[PDB]
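These notes concern the structure reproduced below.
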């Protein structure tokens, strides 16, 4: 059946996404039993973004440090292996 590695992890798609991508994500997330948020709030553990580092992150960060800023590629490869991959490999850091 369906592997449930996103168990109790909440996501947030931050970017401007290529329409069907958002779908894929959501498909893939919920598919793996991921939780999906409709707004940045304390529940969030991973912010998925195709976009680039945003000042927003920081303030969000300095209010909820646990945050991960991963790029979609993670969510894919995750499925693409049927395993929880360290988001670190697919991270988003302000470049500076």
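Every read-out reported here was derived from the displayed coordinates using simple, explicitly stated rules and does not represent laboratory data. Counting neighbours? That spans all protein chains shown, and the Cβs are built from the backbone with ideal geometry, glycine included.
Mind telling me which of 17, 32, 69 comes out most flexible in a GNM of the chain, alpha-carbon contacts under 10 Å?
Result for the chain, Cα springs under 10 Å: 17 fluctuates most.
If neighbour count is taken as other Cβ atoms inside 10 Å, put 49, 30 in order from fewest to most.
30, 49
For q = 0.16 Å⁻¹, what log10 I(q)/I(0) does the chain give under the Debye formula with an equal point scatterer on each alpha carbon and no solvent?
-0.61
Out of all DSSP beta bridges in the chain, what portion is antiparallel? Express it as a percent rounded to 5.
10 percent
Could you tell me how far the Cα centroid of region 1-32 sits from the Cα centroid of region 80-96, in Å?
Result: 14 Å between the Cα centres.
For the chain, what's the relative contact order in percent, using C-alpha pairs closer than 8 Å and at least 6 residues apart?
The value is 30 percent.
Helix 20-31 against the longest principal axis of the chain: what's the angle in degrees, Cα atoms only, rounded to the nearest 10?
Around 70 degrees separate the two axes.
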